[PDB]
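Report on the structure
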Amino acid sequence: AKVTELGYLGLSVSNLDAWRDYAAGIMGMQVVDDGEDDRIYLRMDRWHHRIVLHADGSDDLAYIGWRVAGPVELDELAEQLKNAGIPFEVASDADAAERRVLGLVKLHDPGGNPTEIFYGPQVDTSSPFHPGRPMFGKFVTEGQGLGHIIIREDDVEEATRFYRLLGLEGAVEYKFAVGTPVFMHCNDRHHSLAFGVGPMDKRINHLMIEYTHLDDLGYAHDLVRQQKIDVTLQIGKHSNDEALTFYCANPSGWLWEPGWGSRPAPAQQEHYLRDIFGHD
Amino acid sequence: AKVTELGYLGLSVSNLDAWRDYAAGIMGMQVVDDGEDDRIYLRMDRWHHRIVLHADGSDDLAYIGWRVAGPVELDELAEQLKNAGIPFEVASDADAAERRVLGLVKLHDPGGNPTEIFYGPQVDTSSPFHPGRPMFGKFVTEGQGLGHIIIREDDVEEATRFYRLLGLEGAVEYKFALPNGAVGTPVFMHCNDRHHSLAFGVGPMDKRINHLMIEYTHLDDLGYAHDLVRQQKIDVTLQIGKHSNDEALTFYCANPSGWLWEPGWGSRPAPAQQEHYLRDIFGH
Amino acid sequence: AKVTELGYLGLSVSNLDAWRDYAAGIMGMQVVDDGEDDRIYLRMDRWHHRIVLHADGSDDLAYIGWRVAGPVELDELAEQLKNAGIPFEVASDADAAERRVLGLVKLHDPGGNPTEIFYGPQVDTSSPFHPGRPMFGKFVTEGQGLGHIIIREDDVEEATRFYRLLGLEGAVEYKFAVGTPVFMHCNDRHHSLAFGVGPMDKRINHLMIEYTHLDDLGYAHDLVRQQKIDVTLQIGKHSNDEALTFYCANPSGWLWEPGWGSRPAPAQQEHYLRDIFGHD
Amino acid sequence: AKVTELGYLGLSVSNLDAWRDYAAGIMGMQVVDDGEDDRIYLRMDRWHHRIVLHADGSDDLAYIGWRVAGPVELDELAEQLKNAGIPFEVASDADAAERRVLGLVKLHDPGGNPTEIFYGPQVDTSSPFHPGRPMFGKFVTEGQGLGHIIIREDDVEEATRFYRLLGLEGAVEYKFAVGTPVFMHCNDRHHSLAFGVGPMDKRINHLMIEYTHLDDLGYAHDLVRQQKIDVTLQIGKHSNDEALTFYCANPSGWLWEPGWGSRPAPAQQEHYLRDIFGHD
Amino acid sequence: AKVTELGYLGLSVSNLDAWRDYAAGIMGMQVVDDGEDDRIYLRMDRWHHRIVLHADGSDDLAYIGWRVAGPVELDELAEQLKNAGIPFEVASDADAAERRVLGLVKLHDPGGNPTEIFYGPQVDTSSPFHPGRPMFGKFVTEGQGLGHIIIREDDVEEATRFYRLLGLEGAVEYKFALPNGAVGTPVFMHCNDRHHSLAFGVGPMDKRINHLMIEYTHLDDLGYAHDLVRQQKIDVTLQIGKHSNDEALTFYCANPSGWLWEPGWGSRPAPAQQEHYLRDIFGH
Amino acid sequence: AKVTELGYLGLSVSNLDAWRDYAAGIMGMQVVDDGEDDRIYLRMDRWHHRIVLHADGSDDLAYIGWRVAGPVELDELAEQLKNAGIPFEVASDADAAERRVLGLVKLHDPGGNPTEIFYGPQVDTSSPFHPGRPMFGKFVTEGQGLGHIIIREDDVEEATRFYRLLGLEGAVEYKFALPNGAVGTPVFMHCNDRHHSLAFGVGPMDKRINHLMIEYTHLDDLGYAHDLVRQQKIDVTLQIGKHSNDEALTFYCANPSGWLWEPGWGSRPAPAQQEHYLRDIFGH
Amino acid sequence: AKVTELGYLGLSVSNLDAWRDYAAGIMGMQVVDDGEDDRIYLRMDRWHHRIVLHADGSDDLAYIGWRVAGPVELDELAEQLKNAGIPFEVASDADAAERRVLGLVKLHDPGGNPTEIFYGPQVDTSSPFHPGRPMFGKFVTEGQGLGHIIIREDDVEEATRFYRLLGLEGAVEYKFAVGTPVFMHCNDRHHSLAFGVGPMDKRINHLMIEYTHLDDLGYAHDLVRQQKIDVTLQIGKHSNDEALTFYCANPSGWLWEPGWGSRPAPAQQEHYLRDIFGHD
Ligand SMILES: [Fe+3]
Ligand SMILES: [Fe+3]
Ligand SMILES: [Fe+3]
Ligand SMILES: [Fe+3]
Ligand SMILES: [Fe+3]
Ligand SMILES: [Fe+3]
Ligand SMILES: [Fe+3]
């Protein structure tokens with residue numbers, strides 16, 4: 001059994017309203033507020049949500065959810081963890097219900113990042129995704145997860161071995177003291193996960209989200225320029241994912257990377273020395 | 001040169017608010033309001049609009065706009081009308097501006113229905129379609145027009161001839177027995193892949209327009225619309241069903257102007273060749 | 001080895017003639033009467049039959065037949081049952097011949113439902129399916145079974161484990177005391193089997209049958225309206241199978257669900273809270 | 001490891017010239033005579049030959065050759081035979097060279113039929129197949145073998161178990177004392193092998209060969225009528241292979257079944273009670 | 001019979017070396033030098049060339065060459081020009097040789113822009129395209145011509161009519177407010193799959209040509225070009241963006257003659273039918 | 001209405017036996033002998049034949065047969081010839097029988113080459129093509145004709161005009177320097193998917209025909225033919241190579257009548273539009 | 001784990017300039033000179049290089065690199081070697097960096113040929129392949145390796161067993177004392193490797209490189225004729241790969257075989273007695 005996608009992210013945020021303007025108003029996500037006093041959701045497709053916003057007054061990552069196919073696969077994965085010596089917790093039904101999933105395992109990666117493994121997300125088929133701003137197209141999520149994240153690790157090699165155990169595949173992809181970021185995938189998305197990018201003040205460095213239509217990235221690019229917001233990396237392409245993407249600050253003080261046209265991971269490992277173009 | 005699609009409809013209404021709730025809130029169209037005194041717009045795709053709503057107090061059809069490919073084609077059609085001795089007005093640039101088109105000709109069909117032929121609709125490709133209720137998919141319009149309409153014609157043969165001149169094709173599609181032994185023979189006509197764009201010969205009518213069909217790309221949006229209408233007790237005069245001709249899955253129901261909208265899914269193209277039916281397939 | 005489809009159903013019925021009018025006259029199945037004094041068959045495609053009508057004077061389920069690929073797979077499955085502690089019976093040749101199959105294993109599921117596992121159904125290739133009323137198209141059966149059934153179970157978890165052992169895959173699909181129906185598949189049909197829907201007076205709740213052509217469902221819908229028969233659920237869509245279907249009473253006092261446009265099961269487990277539209 | 005196709009047949013024949021008129025002159029096979037004093041070959045495609053004609057004065061089967069993918073697969077298959085208790089002989093290089101193959105295992109099936117297992121047939125790529133009469137099209141052989149054969153067995157069940165060990169798959173396909181012919185396949189050809197058809201005077205009952213073009217079967221049908229030769233079964237279709245074929249006597253006193261439009265074997269076992277049409 | 005593509009451009013330049021560095025060194029074109037005194041060539045595909053560079057001292061457009069399918073088609077177009085009372089020169093074999101074509105007619109458009117119509121370009125299929133900087137892919141030209149241009153026209157309606165005669169199709173593509181309440185209505189026209197080959201009506205211009213669009217098959221080549229231009233501080237007058245009409249991803253920037261090149265990727269075809277816009281999609 | 005393909009060739013030969021060995025034994029054609037005194041046939045596909053061999057003592061081309069779709073089309077072409085004042089003979093049913101066709105017209109091209117136009121060739125669909133040496137594949141002929149030929153024309157422009165009337169399309173395909181400063185401009189023409197069916201303007205010729213190209217579906221048959229020719233020392237006057245125009249892989253070599261056959265593989269279609277070359281791609 | 005392609009070759013050469021004229025000037029490869037004093041590279045596609053030219057004054061093979069998918073596969077392959085008794089060396093990071101790979105295992109085949117196994121080649125995505133002469137098309141390398149090589153072995157059977165252990169598949173393909181060349185593949189390229197061709201003065205007999213466009217082979221054929229260079233085998237086709245190729249001398253005194261239109265290896269082993277055409 002292997003994880004199949006990056007299913008959801010929990011975020012700790014200090015300012016819900018600013019996140020509404022940003023994620024729905026600019027990025028085109030749908031705000032879902034089910035009445036809960038301490039959280040709201042962000043929806044990108046059929047699923048009830050892909051991202052949870054916990055208004056706990058912090059501004060960092062709360063948890064990463066990795067999907068598996070069903071209860072049998074969840075059990076096989078739990079057993080693999082037990083055999084590897086890795087502490088985990090089979091969540092109760094009520095804890096799974098909090099996450100809007102049927103079954104859920106909670107644990108941590110070797111960098112201390114809260115990591116969850118689940119099957120059976122809540123899908124709202126009867127209430128179509130309705131974007132928070134006008135969209136030409138949709139988001140790329142089908143079988144591919146919500147996007148990709150760079151997260152903090154203190155032991156790159158331990159993290160890699162942990163993530164291969166979960167089912168992800170990958171290796172170092174750039175050589176840039178030579179530093180060696182590692183990139184990993186579990187489906188057709190080039191990667192869902194990367195680490196070893198150097199010292200980081202927060203648990204998460206960025207999140208790349210992907211549009212089906214190029215016109216939606218331009219629409220977002222222009223809203224960000226009009227709203228006169230911080231751009232860290234300009235429009236361009238990495239050698240690895242070969243996607244067209246830009247990097248801007250979110251209300252939590254880290255980066256979102258809205259994108260278009262990401263390719264699949266090569267079936268065999270490669271490594272690069274530099275990006276294709278842009279990203280200035 | 002011929003008409004290529006049913007491009008837009010002008011509607012006279014007496015209650016804008018009801019229309020907004022109906023067309024956007026249930027059907028999923030986008031309300032476009034340009035700050036005009038007397039009118040708002042309904043949008044279904046990239047075009048600035050497909051339906052104009054003139055808040056004038058009446059509840060009927062105001063005008064029907066038929067698209068042609070371009071200026072040369074508009075000239076060619078104008079000359080054909082003149083050579084048929086059909087009167088028409090060459091609209092100026094301000095009349096074309098008012099309709100959001102590049103050029104147009106204004107006229108009447110034999111039944112007195114105000115009829116426009118235009119090229120160059122306004123398309124808002126910077127502001128994508130944003131439906132007025134959540135939608136699963138979109139509207140079927142590309143190269144097919146807004147949908148199909150049923151309109152009043154006192155002279156069926158005169159209307160048939162008028163619309164063959166414009167470039168529409170078709171003929172009688174159904175035969176049915178009337179009370180006195182007569183035979184009703186409604187005429188259905190198309191100008192593109194859409195089974196038909198136009199019909200008439202369905203008998204006496206108190207308004208110029210009887211119904212409008214609009215088509216969803218996704219059945220679940222038809223399902224959704226149906227559900228809100230049941231939630232809000234609107235008159236579905238004809239239940240879910242298939243006509244023999246268009247072989248579409250549709251339900252008929254009442255709009256705020258007192259006539260019928262027929263939301264539908266899965267319309268088939270107009271056959272290569274003319275055929276007719278005595279009855280429909282199922283439902284309705 | 002795994003079961004590949006829901007191959008056949010045996011029904012106990014009190015009124016054969018009424019079943020002829022219903023299943024052939026309305027639904028478009030073919031009545032096959034081979035001279036046997038206590039039964040007649042219903043045929044939907046190439047197979048000799050998909051359903052057996054036993055005129056024993058009862059009005060419920062008699063047996064469920066699950067197909068396997070051949071004698072080797074039947075043996076591997078019998079061995080899996082022996083290893084699990086589940087009593088079974090390898091039918092004799094004459095018992096297999098009664099069912100019109102080459103090899104047959106008889107047993108019961110944990111709810112006490114008679115369950116059969118077979119290979120090699122009788123197929124009448126030289127006598128084409130001829131519908132009991134005029135049909136635009138056909139039934140959807142190829143590699144997909146005859147349709148799907150909701151059956152009674154007293155132990156939802158035991159039933160699930162039993163059915164996974166047989167080769168089916170699935171889980172809970174709706175949360176609606178929270179009740180949790182389970183749905184299962186063994187091929188491209190969304191599901192062949194569901195249970196845990198609540199208390200049931202009979203062994204079987206319904207049977208969904210599927211038309212290739214939409215026009216055939218309308219034809220049946222209209223015959224049911226003309227014959228002024230009981231409709232329990234109106235035309236609509238479940239979130240899970242995303243099929244267009246209606247629910248009406250059969251002469252045995254349970255439901256048939258004639259349908260159109262059922263999709264495959266998602267490759268990974270999901271759960272819903274409500275249907276898409278209709279089914280009032 | 002499994003056998004992949006029915007690769008070649010060795011025949012013992014009493015009259016080479018009559019076989020030339022028949023197989024090349026009517027059927028459109030190519031006569032290959034490499035100078036050997038006791039044999040000539042029949043070629044149907046790229047291979048040097050598909051059939052060997054041994055002029056030993058007998059009129060029956062000499063051997064059946066089953067192809068495997070290479071030397072590794074040949075070894076795995078030899079090992080499976082050793083483990084099953086089945087005597088075999090690894091042919092020497094010179095014995096393999098006689099057969100025009102690189103590696104060859106000789107043995108017998110439970111009915112005593114000489115059976116060979118080989119890899120690496122001689123292919124004459126530089127000398128295109130040239131038919132013995134004018135042909136519209138070609139023969140169907142690619143990845144499918146030369147055709148199919150009914151052979152004699154005294155123990156139907158032993159033969160089946162032997163043939164499954166070799167890699168073939170199948171079961172009984174007709175019920176017609178009820179007799180139960182077994183049909184087996186190892187590729188896209190409906191079957192390569194059948195037995196249990198009742199008492200037979202010879203080792204082989206027939207050989208079906210298949211044309212790509214319908215017009216070639218008609219051409220052969222007409223030559224057979226003009227030459228006023230024996231027809232046993234008229235043009236028609238079996239329920240199982242669903243091919244269009246006729247049955248005529250060859251100069252050895254058994255049947256050839258020239259054919260067209262044979263379908264693949266169903267992915268799951270079926271059984272019939274009668275043919276579709278024809279074969280009178 | 002009609003023009004089929006924008007085949008070549010003749011350019012007057014004052015500095016060959018700068019052009020070589022710009023067109024080849026950055027854009028990826030191949031410099032072709034045939035040992036002529038006064039001119040070199042720029043190549044983008046199998047054709048001997050798409051752009052001629054006459055080192056005469058001026059910095060402007062010299063001529064525009066439009067392709068037709070063959071000799072019969074050239075005759076047919078010649079007769080149409082004559083029947084319209086438009087003057088033209090039938091070039092001799094040496095004039096055709098100079099242009100690397102089999103036949104041609106020379107003339108002027110209403111704005112005085114030297115205009116040629118030809119069949120039979122020279123194609124060097126023994127010496128494949130070899131770009132002047134490493135390229136990921138190639139240029140989009142097949143049956144689409146070199147790209148599209150914006151040129152000076154004092155009389156927009158006269159030019160429109162002139163180019164409909166040649167066989168191009170199109171009309172006004174945008175409307176925008178001018179200072180005095182006027183409406184600018186630029187005309188965009190096509191003769192093949194390329195959205196447009198030609199535009200004008202964009203206002204006063206000091207040179208005959210305003211810009212040229214060239215299209216890469218691969219985005220990474222657009223990316224590459226963009227990067228070298230940033231490395232060499234050339235004026236990108238308009239940043240990465242999409243026009244509503246061609247829906248292409250392009251950036252505008254200055255060439256050594258003082259006007260604009262617009263390298264681009266992913267242009268869409270010209271719609272079956274005329275439509276217009278009030279604004280563009282994004283960027284620029 | 002136009003010619004659709006080069007249908008057949010009539011050849012005068014002085015040695016049948018050599019031809020049989022060459023055309024069948026090496027090229028893979030089928031010899032068809034109908035028991036006629038004076039002639040045998042060469043077959044390449046379903047047609048009774050593509051080449052007639054008249055054993056009359058001369059070694060040259062006898063006639064060229066061009067196919068049209070049917071009788072109406074033959075009439076239309078006949079009337080076009082008459083309206084051009086080109087003389088022709090309407091063949092009777094026995095003349096059509098002799099050619100194995102349903103109808104035909106007989107005439108001359110400007111260079112005196114006997115020229116026939118026919119519909120309805122005889123097709124032997126009961127006796128499939130059986131090649132005269134083992135073949136891997138077949139000949140390319142469907143809707144493309146037998147191949148292409150080079151023929152003698154004293155007046156290139158007159159011939160061009162003659163063949164545009166018949167319905168062939170094309171123009172000059174190459175330019176090359178002659179000794180005296182002149183320019184040779186051979187004309188290549190097509191009437192279907194085959195790059196060309198016909199060429200001329202290659203200079204002085206002692207026979208009416210210079211070469212014939214035939215095309216194999218499979219390269220291995222080209223390879224096979226090449227090998228037998230090397231085994232039998234026939235003159236391959238031009239080695240394996242690609243022309244710029246047809247972009248085919250072919251080798252030229254001598255037949256028993258003293259002129260050239262060019263067996264080939266992988267010919268490309270004639271481009272949508274006319275283009276020309278100064279040289280060829282490789283080899284030859 | 002198996003090797004996936006013939007990734008790179010190291011060559012020892014006496015004359016760098018002559019190799020530049022040959023490989024770039026004629027063949028259309030790109031010369032990459034990164035400043036190193038003892039070597040330059042030849043590039044054929046995205047990779048930094050496919051061939052290394054070591055100017056050590058010798059004129060033969062230096063090493064053969066076989067690609068594997070990643071570090072896990074490299075480990076599984078290293079373990080297979082340890083289990084087989086075959087000495088190997090896990091290269092250090094700096095040794096892998098010298099080769100422009102992320103991980104590297106060094107060893108020898110049974111003929112003494114230096115053999116390397118690596119994952120993660122350096123790819124220069126931001127600097128497109130730019131040919132050393134004008135090219136119509138490109139080289140065929142994607143998932144197929146750089147081409148194929150005939151190398152020297154003293155023990156044909158040992159070499160075969162060694163190469164099957166690495167993941168390659170194959171056997172004897174020609175019978176021509178009967179000699180028996182062996183051909184092997186690990187992807188869609190007919191073969192990457194062949195040996196047993198008879199006595200050889202050098203470690204490598206030839207290298208076949210493949211063009212996507214036929215016109216590029218003709219362009220090279222003509223440059224070789226104009227430069228009036230040695231041709232050993234004329235244009236033609238082998239029965240096995242069915243490619244169109246010619247054989248000419250390189251500045252190191254062995255053969256390059258520029259080619260076009262090579263087919264995949266047959267899924268099952270064959271053997272031939274002669275080539276199709278040409279190669280005189
Ligand atoms: Fe990223
Ligand atoms: Fe309607
Ligand atoms: Fe159901
Ligand atoms: Fe048979
Ligand atoms: Fe532009
Ligand atoms: Fe030629
Ligand atoms: Fe080779």
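Residues numbered from 1 in each chain as written, not as in the entry; some residues may be left out. Chains lettered and ligands numbered in written order. Part of a larger assembly, values for the part shown. Heavy atoms only, no water. Residues with missing side-chain atoms left out of burial classes, pairs and counts.

Per the PDB record, the structure was determined using X-ray crystallography to 2.20 Å resolution.

1. Thoughts on the sheet that holds strand β14 (residues 198-200) of chain F
The pairing of strands in a sheet comes from backbone hydrogen bonds and takes either a parallel or an antiparallel form. All names here are of chain F. Ordered by their spatial adjacency, nine strands build an open sheet running β10-β13-β14-β9-β15-β18-β17-β16-β19, and the pairing between neighbours is mixed. Since the sheet does not close on itself, it has two edges, and those belong to β10 (169-172) and β19 (282-283), each with one partner. Relative to β19, strand β16 (residues 238-242) runs antiparallel, the two sharing two bridges. Opposite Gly-241, over in β19, you have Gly-283 as the bridge partner. Packing of helix α5 (residues 219-231) onto the sheet brings it into contact with β15 (209-216), β16, β17 (249-254) and β18 (260-265), and relative to β17 it is tilted by some 30°. (Pairing = 2+ DSSP bridges. Helix = DSSP H or I, 4+ residues; strand = E, 2+ residues; numbered from the N terminus. Contact = heavy atoms within 4.5 Å. Axes fitted to C-alpha atoms, helices over the stretch in contact; angles between N-to-C directions.)

2. Section: the interface of chain G and chain A
Each partner contributes to the interface: chain G provides 20 residues, whereas chain A provides 18 residues. Its residues assigned to classes, the side of chain G that touches chain A comprises ten nonpolar, six polar and four charged. (Nonpolar A, V, L, I, M, F, W, Y, C, P; charged D, E, K, R; others polar.)

3. What about the sheet that holds strand β19 (residues 282-283) of chain E?
All names here are of chain E. Here we have nine strands laid out as an open sheet, ordered β10-β13-β14-β9-β15-β18-β17-β16-β19, and mixed in their pairing. Of all the strands in the sheet, just β10 (169-172) and β19 have a single pairing partner and so form its edges. Here four bridges tie strand β9 (residues 148-151) to strand β15 (residues 209-216), and the two strands are oriented antiparallel to one another. By the bridge assignment, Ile-151 is partnered in β15 with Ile-209.

4. Some points on the environment of C:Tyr211
Residues and elements named next belong to chain C. Here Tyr-211 lies in strand β13 (residues 204-211). Among the residues examined, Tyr-211 registers a relative accessible area of 1% and is labelled buried. There is a polar contact of 3.0 Å between the side chain of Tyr-211 and the side chain of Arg-133. (Buried < 20%, exposed > 50% of the residue type's maximum accessible area, 1.4 Å probe, protein only. Polar contact = N/O pair within 3.5 Å; in protein donor to acceptor, adjacent residues only side chain to side chain.)

5. Brief notes about the UniProt feature "binding site: Ca(2+)" (unreviewed entry) in chain A
Residues and elements named next belong to chain A. Taking the numbering used here, the UniProt-annotated feature "binding site: Ca(2+)" (unreviewed entry) corresponds to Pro-110 and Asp-154. A maximum C-alpha distance of 8.0 Å among these annotated residues, which run over 45 residues, shows that they cluster at one spot. Among the structural elements, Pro-110 can be located in the loop between β7 (103-108) and β8 (114-119). Looking at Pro-110, the relative accessible area reads 34%, which means it is partly exposed. (UniProt positions renumbered as here; feature names shortened; annotations may be inferred.)

6. Examining helix α1 (residues 16-24) of chain B
Residues and elements named next belong to chain B. Along α1, the residues that are buried comprise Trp-19, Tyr-22, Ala-23 and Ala-24. Projected onto a plane normal to the axis of α1, the buried residues spread over an arc of 165° and lie on a single side. Residues of α1 that are exposed and point over 90 degrees away from its buried face: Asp-17 and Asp-21. Its buried side turned inward, α1 meets β1 (5-12), β2 (30-32), β3 (39-43), β4 (51-54), β17 (249-254) and β18 (260-265). (Arc of directions from axis to C-beta.)

7. Digging into the coordination of the iron ion (ligand 3)
Around the iron ion (ligand 3), the protein supplies C:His148 (NE2), C:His206 (NE2) and C:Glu257 (OE) as donor atoms, at distances of 2.3 to 2.6 Å. Each member of the pair, C:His148 as well as C:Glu257, carries the same accessibility label: buried. (Donors = N, O, S within 2.8 Å, 3.2 Å for Na, K, Ca; no water.)

8. Structural notes on the relation of the copies chain G and chain A
Placing chain G over chain A gives an RMSD of 0.0 Å and needs a rotation angle of 90°, together with 0.0 Å of translation along the axis. The superposition operator between the copies reduces to a four-fold rotation axis. Within chain G, G:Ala1 has its C-alpha nearest the rotation axis, a separation of 13 Å. (Least-squares fit on C-alpha atoms.)

9. Structural notes on the coordination of the iron ion (ligand 2)
Residues and elements named next belong to chain B. Within the protein, the atoms that donate to the iron ion (ligand 2) are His-148 (NE2), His-211 (NE2) and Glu-262 (OE), at distances of 2.2 to 2.3 Å. All donors of the iron ion (ligand 2) come from a single chain, and their spacing in sequence reads H-x62-H-x50-E. Taken together, the residues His-148 in strand β9 (residues 148-151) and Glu-262 in strand β18 connect sequence positions 114 residues apart. Just as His-148 is buried, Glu-262 falls in that class too.

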